[PDB]
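The chain that follows stands alone, in the form deposited in one PDB entry, written as structure tokens.
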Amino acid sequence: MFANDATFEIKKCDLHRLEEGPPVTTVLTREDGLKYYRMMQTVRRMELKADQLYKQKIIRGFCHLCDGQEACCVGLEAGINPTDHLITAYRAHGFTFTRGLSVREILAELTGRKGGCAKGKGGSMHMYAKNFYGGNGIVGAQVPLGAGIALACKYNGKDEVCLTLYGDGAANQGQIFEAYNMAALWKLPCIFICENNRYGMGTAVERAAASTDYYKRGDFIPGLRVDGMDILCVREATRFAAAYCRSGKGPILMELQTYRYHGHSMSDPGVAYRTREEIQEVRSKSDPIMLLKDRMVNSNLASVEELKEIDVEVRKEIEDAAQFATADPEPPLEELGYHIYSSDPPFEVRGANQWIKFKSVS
């Protein structure tokens, strides 16, 4: 029989414009640990899977995988609530799943099928969910949007908050700095989060940014820098950071310091801008799923047996989701025109030529 919780020591954050950071000590309960592992491992396998479904061509266009970053998407969900708000770029599969979306529904959109979550319309970048808003493929364009979401929280006065991610190569986009300033000026419930995975498509953090301290870019906005490879850290900085927003002290920058195992999209061999054996080093010594495992086994929170059973049940949700989304009918062609406008009467949309007519209904 098992210990019920254990306390773990986690890395002191770097602070900018704060006197105190999140706690260096945290408590992990067996019941969360098992939930958090099941999640990281669902996300991880859902990506080994899509990757393979790419290579057989079953998926097309874009597909940016997010393995290595599973501490993030789980750690985040771990420290916000259902009622809070999340918006992100294109590396969205992990978040999409952690916000109420089934593997069936995600895989079915990657393979463009009627039963996929955007009804086949948006593919890999444009998945939306309850209080998850994409899924945005124009870089930096989701930061002002997240600050706007923030604005609606503050305005509805429901005490919700908003996590608004951008990656490191995106932290030079003008629209972010404008957003910091309105964010701070109006004191918005907006957490700005930078997924620093060290690369910006191909171009490494130092070749493109004059300062690589993204947690201090905000300047007037207070920031903190975190270990995004460790699930506990990510959960404690989020909670901390979310406390800060809930109490009205405005915006706050989080630099989540992570890593992506795959190249940019699936058309990046991934290895021109980095040795394959850096990638290997990171996977060996600081994999996130392999970090929760060493903690759990070692403090008697779970047995090497139980996590195996879960690899197993997970292996299963994935097989079936794979197999449901490969055998699913594409959208009917009659529905190409559907959902251009909300709440409107039906109308007619023009095809390749003037005799090809499509019905559009909201």
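Start at 1 with the first residue shown and count on from there. Just so we're on the same page, rigid core means the largest C-alpha set that superposes within 1.5 Å between forms.
J.: Comparing 324 to 332 with 27 to 35, which stretch shows the greater average C-alpha B-factor in the deposited entry?
T.: Looking at the record's C-alpha B-factors, the answer is 324 to 332.
J.: Return whichever of 333 to 341 and 296 to 304 has the greater mean Cα B factor according to the PDB record.
T.: Looking at the record's C-alpha B-factors, the answer is 333 to 341.
J.: Which listed residue, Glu206, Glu195, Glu236, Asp230, has the largest C-alpha temperature factor in the record?
T.: Largest recorded C-alpha B-factor: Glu206.
J.: Which one of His85, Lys216, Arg274, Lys154 shows the biggest C-alpha B-factor in the PDB entry?
T.: Largest recorded C-alpha B-factor: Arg274.
J.: Looking at the temperature factor on the CA atom of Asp287, which third of the chain's modelled residues does it land in?
T.: For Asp287, whose C-alpha B-factor we compare with every modelled residue in the chain, the answer is the middle third.
J.: For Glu281, does the deposited CA B-factor place it in the lowest, middle or highest third of the chain?
T.: Ranked within chain, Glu281 CA B lands in the highest tercile.
J.: Using the temperature factors of the C-alpha atoms in this entry, rank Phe220 within its chain: lowest, middle or highest third.
T.: Tercile = highest for this residue's CA B-factor.
J.: Ranked by Cα temperature factor within the chain, is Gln142 in the lowest third, the middle third or the highest third?
T.: Within its chain, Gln142 is a lowest-third residue by C-alpha B-factor, going by the deposited values.
J.: Using the temperature factors of the C-alpha atoms in this entry, rank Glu109 within its chain: lowest, middle or highest third.
T.: It falls in the middle third of the chain.
Another form exists, deposited in another entry; not displayed. Remarks below refer to it.
J.: For the core superposition between the shown form and the other one, please identify the residue among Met182, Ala170, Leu101, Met266 whose CA shift reaches 2 Å or more.
T.: The one that shifts is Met266.
J.: So the CA-CA distance for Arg274 and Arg260 moves by at least 3 angstroms in the other form. Closer or farther than here?
T.: The answer is farther, because the C-alphas of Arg274 and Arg260 separate from each other in the other form by 3 Å or more.
J.: Can you tell whether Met266 sits closer to or farther from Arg276 in the other form than it does here, judged by CA atoms, where the change is 3 Å or more?
T.: Residues converge in the other form, at least 3 Å closer.
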